[PDB]
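Chains as they are written, first to last, in the numbering used here: chain B, 141 to 261; chain S, 22 to 209; chain C, 77 to 507; chain V, 93 to 140; chain Y, 105 to 206; chain D, 3 to 389; chain U, 1406 to 1461; chain X, 365 to 501.
For every residue, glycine included, the Cβ atom is placed at its ideal position computed from N, Cα and C.
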Amino acid sequence: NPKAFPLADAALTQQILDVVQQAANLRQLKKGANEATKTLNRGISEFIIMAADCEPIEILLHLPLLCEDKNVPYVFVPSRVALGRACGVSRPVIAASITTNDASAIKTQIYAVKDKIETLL
Amino acid sequence: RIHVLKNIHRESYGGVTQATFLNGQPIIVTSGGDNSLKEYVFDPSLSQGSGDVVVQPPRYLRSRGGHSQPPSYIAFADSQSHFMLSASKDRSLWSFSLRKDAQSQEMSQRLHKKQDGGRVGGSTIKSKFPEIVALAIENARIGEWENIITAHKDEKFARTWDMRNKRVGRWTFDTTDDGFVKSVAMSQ
Amino acid sequence: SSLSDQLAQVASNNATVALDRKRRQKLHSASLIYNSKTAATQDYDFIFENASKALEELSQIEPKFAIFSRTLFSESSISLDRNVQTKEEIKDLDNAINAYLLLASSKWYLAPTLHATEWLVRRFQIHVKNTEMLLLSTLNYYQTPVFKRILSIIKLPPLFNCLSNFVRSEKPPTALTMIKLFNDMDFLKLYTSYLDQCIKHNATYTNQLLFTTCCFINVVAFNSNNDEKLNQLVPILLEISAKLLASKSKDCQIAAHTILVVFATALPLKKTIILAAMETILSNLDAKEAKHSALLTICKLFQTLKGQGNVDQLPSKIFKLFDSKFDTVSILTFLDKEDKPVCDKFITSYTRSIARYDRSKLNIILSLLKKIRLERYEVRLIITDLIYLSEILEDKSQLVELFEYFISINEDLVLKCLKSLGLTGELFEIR
Amino acid sequence: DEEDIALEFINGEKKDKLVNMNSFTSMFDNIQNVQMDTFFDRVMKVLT
Amino acid sequence: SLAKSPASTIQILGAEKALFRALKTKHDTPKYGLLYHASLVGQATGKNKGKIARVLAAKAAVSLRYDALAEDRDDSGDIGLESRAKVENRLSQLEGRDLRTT
Amino acid sequence: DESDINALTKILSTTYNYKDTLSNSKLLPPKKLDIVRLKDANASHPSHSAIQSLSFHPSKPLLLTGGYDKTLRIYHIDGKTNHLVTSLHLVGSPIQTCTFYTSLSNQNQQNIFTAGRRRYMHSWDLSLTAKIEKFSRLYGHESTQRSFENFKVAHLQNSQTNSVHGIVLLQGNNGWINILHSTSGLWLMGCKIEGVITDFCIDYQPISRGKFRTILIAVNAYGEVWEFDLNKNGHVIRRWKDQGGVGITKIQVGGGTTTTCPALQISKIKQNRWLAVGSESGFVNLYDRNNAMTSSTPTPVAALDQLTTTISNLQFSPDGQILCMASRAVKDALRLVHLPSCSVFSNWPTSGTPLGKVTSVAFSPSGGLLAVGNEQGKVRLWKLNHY
Amino acid sequence: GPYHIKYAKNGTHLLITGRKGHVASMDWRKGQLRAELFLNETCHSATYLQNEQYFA
Amino acid sequence: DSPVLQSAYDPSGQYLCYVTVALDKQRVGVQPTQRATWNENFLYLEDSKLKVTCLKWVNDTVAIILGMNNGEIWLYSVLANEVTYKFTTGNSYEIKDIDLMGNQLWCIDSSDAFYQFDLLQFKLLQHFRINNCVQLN
RNA sequence: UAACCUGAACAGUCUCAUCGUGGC
């Protein structure tokens, strides 16, 4: 889809979905677009992953509009099916917010992936 | 075609050998070569207006029976000479009455529950125990606990039974040396 | 048994006799129009005269109610009491009531039938005497207040046991309750006898056929995971499919087509049962929508057929019957449809039956197997019996151009069948 | 080569839809005054 | 500003005083809000009007942010119509069940 | 009344059974299996470890089990008394994969290749003392192959002679698959995929009379799949992507000759129909290669989701009508999915099947017979009565 | 035991007595019994008095 | 218990014929009892439920008669590896025992019937059954 | 060289959670 800005390549999307899988094991992600926007409102999201695969993409491209207000990083991955597999549910997942923590075991991996995200903004 | 009662008697012993309706009655008496005589009854129809088109299938009513194979072991259940335990090659333990043949009853093989709460093994398609080599009944504590101890063909444990309940018991005694049970006894 | 049980039996026998004023009030306040306080004060003359008005309206809508005005709605029936004549007069008027109910089952959306069968409810007590036929006749209308009304005033039969939490309730029975009602076997035998009387007296209407077929295919769907229930269920629904195919209605014929197609895709039936099913399908095929459903039904019933013997030549009688109901243009056109039905095994059996039984129409089998694509075993059996056709009769241009098609695609396979039987140079010397 | 013929016979088998418990539960909503041939193709859409 | 709000907010959108008193003391929040007067919630009956207030707010968030954020939108009701078909057959499948035992 | 379009009524009034009888079926009925339990295969001689790999013989009635107790056992299996043929304990070498290889030229070698987390791989030559050899030289390529754990054995044709020879294929560190000769141990070629190599499988396709072609199918962790033609130099012919799937653990082919249903004769080599890519979430995509060799973003015919933890075995039955998903992570995690219908059999396994923690699985090439090895050290044995 | 029968003077109610103890007053033509009492000594006979409302 | 289901010597004890199961199918093999005078090829029963119920060495092309459980006596030469001739009764009853004297084969049935076959003519000569002998094996 | 992550890596002396009771 053309209007899904920054889209990740294969290596970045592989490490994004790896940190999504370990955040899902640590119960540190909110899966789903409404839960992602709730974490955006409350300011407890590290970065937002979205799927450039939903057949209306306009059900997504509104949380960019309040990501750029709270300067939280956001990124697109090409498959909602693969994002749902990574989040560890049985359904496709359209968006997922990795929530904030300061005692987290995967804090360094979250920070590395979010720096690689904000390089391409 | 109203209904089919399948395997009403054994094919190997002749199938259903004589079946007859008692006349004027919805009950039919069958008998087969497997030493068995049954009755089946037709209940009245479940539809209160149609009836003739909704025919309830025949259900089972009383039956008498014995061993279908010659018995392999024999014991007397008590000192009064009233009941006698009798095991056959068709893998059934009957308790036959010497006083009144209606009191003859097959000892049931419906197993109890496991004592700890684990699962019991065995096949899902339940078959009868291997045919009985030996048995020993001692009704000093009868009704209290297990009462008959029996030993089957080419298997390494001896089952118990309760003559009061007329059913199997909770215990199967192992031999603990990977050998088949050649004899059983029990104290008085 | 006990004394209270035997007395409950004598109460159920004497349910309709009014033995004092209080039982007469409780028994006459059961109306289908009015509430209890009006219905208890009404007379027989009042309810008879407006039921006779409504029967004149119902008779000018549909003229088969005039004989009910002659017997069931006459003025001798104001004084006719039900439980004072013998069993033979009772069975006479109860098949009169059954005739009225399965005639007026279709009319239940218009108030003259409500005001007319009001008199059967209040004079002849058909809500408690003739109650199974009343429920079975108005079973289609279960989302409607008229079925709510007959459930409120009905005394429920023992086969209709699952509706016992929807009597005197404000909410209609649901569709899952209807499938739980139909899921019984004795209820299925009862409903198929009801449909047999419907098909016999030619009263099957399309809303009934839709409801009946919906509940039947939901019964098959519910029992789709236990083969012993499906096997209990086969000679009931295939018998009612035969009795729906043995009538004249295009609607009831394609109702039977729906039942047959769902049942054959639910379990693998026998080959001979499927062939006799297609014989019963073709033996009364007269409509056009019935022809559309019949071709789709025969295609799916041959598709759901496995094992050694799925794609034989269908025999001479059934093939020439299928020819007399469906010629070449119909089969070729239906294959040329862009929706692409799955007609693999049936079309293979059809072309093999042409090669064993027609031996003139081979250009058409070239065109139709140019149209649709088949599998390797299908075209292997086709070219094997074409090889046998070449060896029995002299090989002209239609068989030659068929082998040119079987050379232009998959020539390795026709080489494999010739090497399994024959030779390529010997076959080219043959043709 | 009968094993090869048997393998091509089991190889030429296509994926079909099986009947579930609830493959036909959503038909009661629209059996209202539609025609029976529309019911037949609505069933055939479920089967295919 | 309505499009960038989550579907739970669109559910409870009218009932702010009941919501915030039921949050500022630890009570049970409302479930209907301004969306109670939709025709689908009118068709529902029981606790499943809370249930389809939830699914209606979810599909209404979908359709609403499609309408506000689309650029090639056609004013023809397509996304709203497929969302309404989803809500209608969901309402069908939870009005078909019954808590009685038959 | 009466003395003696009715075709259906007559056929119903004569028949009593209404389904296909015994052998006029030839392909499996869906949703209800027919599977009896036999004697547990290693019940005669117990295993001292979790049974890590398991393979039947291509021709003989032999089952080879092997695990981390660095011994490998062969069992003559039958119904009643699965006895132990022979048993070889390799000291200091725990084994993880063990395979019966049998060549296509003379079908008389009968090697057993076995390997674990070591820099060597043993090869026992079956002779009924025991002559085994050890492969420990990557011929210049030792840096990219630090453990011989994940190997697979396959057939390769010279393609200028019609001479076949076995290859073993070792999965290495970077993306590497090192293919080497199964008799001389010479490094033949290597195929590198881009990512974390997780699994691979071998497909064959016939070309003409007596010529076939070997294709290596290797999967990234991310989900992108390379197919290498390796009867020529090991060059890529196709590169596609798994639809969905993010943690990919196991690929398998089936429906023709796999490495676990091997062809005894070179003309009996078949093209595989099905390809299952099983993942870390328990999702198994299933692709139908009769049409999914052309698309390059092919869609699966179904994505199975029935068991919820990491797919560690998935094997196709030799006819290619059952796939067996299995997970070594929780207990009793095994399903047999019927295909083409892509529907799980619902009557087996039940809650009382003693599957255990399923850490290996194997299908018999002829008998229609499952062996399922669990972490307790027990191979349980079942027979599918369709075969 | 053997049941001594008795009807009310209009035929609406039936009063049976078992020899053993079982006395039942009932509306035999509806299915309504209004007394079933088991007086475990040997009863011999019964009668209604002026009604179904009292019996001796 | 033993994997060898059936086994018998030839007269003079020079070869042993033995039926064992091989991964759900019966197989019939012949071994020499002294090598100083392996044999790796078997007769394979191709059905999973067809099995040998008895076997007898004939005495001179050397052969085995294998009495099956579908009313058949297979006659199987051992130097070649095919059943040379398939005797059959009219039934499906398993056959409990066979014997031969010279060229005259006799066999008993699970329906307690006696059949006689002629190895020189490949024909069913006689079929009968006698009273009060009802469980013959 | 190391650090960190990772493969079926808590749990028979059963492990853990939560609400309570009595004295960690």
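Item                                                                                                                                                                                     : Value
Am I right that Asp205 (chain D) and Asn160 (chain D) are in contact with their C-beta atoms under 8 Å? What's the rounded C-beta distance?                                              : About 19 Å; that fails the 8 Å criterion.
So, for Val387 (chain C): in the same chain, excluding its five sequence neighbours on each side, which residues have a beta-carbon less than 8 Å away from its beta-carbon?             : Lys421, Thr424, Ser425, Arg428, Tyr453, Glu454, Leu457
Below 8 Å between beta carbons: does that hold for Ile109 (chain C) and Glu194 (chain C)?                                                                                                : yes
So for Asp482 (chain X), helix, strand or coil by DSSP?                                                                                                                                  : strand
Can you name the residues of chain C whose CB is closer than 9 Å to the CB of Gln69 (chain S)?                                                                                           : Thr207, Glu208, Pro233, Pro234, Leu235
When we look at the beta-carbon of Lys447 (chain C) and count the other beta-carbons within 10 Å, is it buried (16 or more) or exposed?                                                  : exposed
Could you run through the stretch 371 to 386 of chain C and flag, in chain order, every residue whose CB is less than 8 Å away from some CB of chain D?                                  : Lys382, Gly383, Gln384, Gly385
Using only the alpha-carbon positions, how far apart do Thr205 (chain Y) and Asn241 (chain C) sit?                                                                                       : 8 Å
Please indicate yes or no: does the CB of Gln69 (chain S) lie closer than 7 Å to some heavy atom of the ligand NAD?                                                                      : Ligands displayed in this structure: none; no statement on the ligand NAD is therefore possible.
At 8 Å on the CB atoms, spell out the chain V contacts of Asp321 (chain D), in chain order.                                                                                              : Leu99, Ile102
With a cut-off of 8 Å, do at least 3 Cβ pairs link the stretch 374 to 381 of chain X to the stretch 395 to 414 of chain X?                                                               : yes
In this structure, does DSSP put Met295 (chain D) in helix, strand or coil?                                                                                                              : coil
Taking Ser230 (chain B) as the reference, which of D:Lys333, D:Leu309, D:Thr352 has the closest Cα?                                                                                      : D:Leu309
Between the Cα of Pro264 (chain D) and the Cα atoms of D:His340, D:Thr104, D:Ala45, D:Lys21, which residue gives the shortest distance?                                                  : D:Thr104
Give me, in chain order, the residues of the same chain whose beta-carbon lies closer than 6 Å to that of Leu106 (chain D); leave out the 5 immediate sequence neighbours on both sides. : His157, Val166, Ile268
Is the stretch 62 to 76 of chain S touching the stretch 92 to 99 of chain S in the sense that three or more CB pairs, one from each, lie closer than 8 Å?                                : no
Return helix, strand or coil for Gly68 (chain D), following the three-state DSSP convention.                                                                                             : strand
Taking the alpha-carbon positions, what's the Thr38 (chain S) to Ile29 (chain S) distance?                                                                                               : 11 Å
Can the beta-carbon of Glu226 (chain D) be found closer than 8 Å to that of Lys213 (chain D)?                                                                                            : no
Is the stretch 187 to 194 of chain Y touching the stretch 228 to 242 of chain C, taking contact as three or more C-beta pairs under 8 Å?                                                 : no
Under the three-state reduction of DSSP, which class applies to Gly104 (chain V): helix, strand or coil?                                                                                 : coil
Tell me the DSSP secondary structure of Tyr440 (chain X) in three-state form.                                                                                                            : strand
Below 8 Å between beta carbons: does that hold for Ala130 (chain C) and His203 (chain C)?                                                                                                : no
Quickly, what does DSSP pair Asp1432 (chain U) with across the bridge? List them, please.                                                                                                : U:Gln1437
With 7 Å as the limit, tell me which residues of the stretch 248 to 272 of chain C have their beta carbon closer than that to any beta carbon of chain Y; keep them in chain order.      : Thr250, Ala251, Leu252, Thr253, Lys256
Taking the alpha-carbon positions, what's the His173 (chain S) to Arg185 (chain S) distance?                                                                                             : 21 Å
Which stretch, first to last residue, makes up the alpha helix (DSSP H) that contains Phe398 (chain C)?                                                                                  : 392 to 401
Starting from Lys153 (chain Y) and walking both ways along the beta strand (DSSP E), at which residues does that stretch end?                                                            : Where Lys153 (chain Y) is concerned, there is no enclosing beta strand (DSSP E), although the alpha helix (DSSP H) it sits in stretches over 152 to 173.
Measuring straight from C-alpha to C-alpha, what distance separates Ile48 (chain S) and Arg85 (chain S)?                                                                                 : 15 Å
Note down, one range per segment and in chain order, each alpha helix (DSSP H) of at least 4 residues found wholly within the stretch 26 to 107 of chain D.                              : none
Whose CA, out of D:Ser329, D:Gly369, D:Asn349, lies closest to the CA of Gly358 (chain D)?                                                                                               : D:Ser329
Name the one or two DSSP bridge partners that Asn376 (chain D) has.                                                                                                                      : D:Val360
Entirely within the stretch 365 to 389 of chain C and at least 4 residues each: give me those alpha helix (DSSP H) ranges in chain order.                                                : 365 to 379
Which residues does DSSP list as the beta-bridge partners of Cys193 (chain D)?                                                                                                           : D:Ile179
In chain order, what residues of the stretch 166 to 200 of chain Y put their CB closer than 8 Å to some CB of chain V?                                                                   : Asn193, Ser196, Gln197, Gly200
Give a yes or no on whether the C-beta atoms belonging to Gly200 (chain Y) and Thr250 (chain C) are separated by under 8 Å.                                                              : yes
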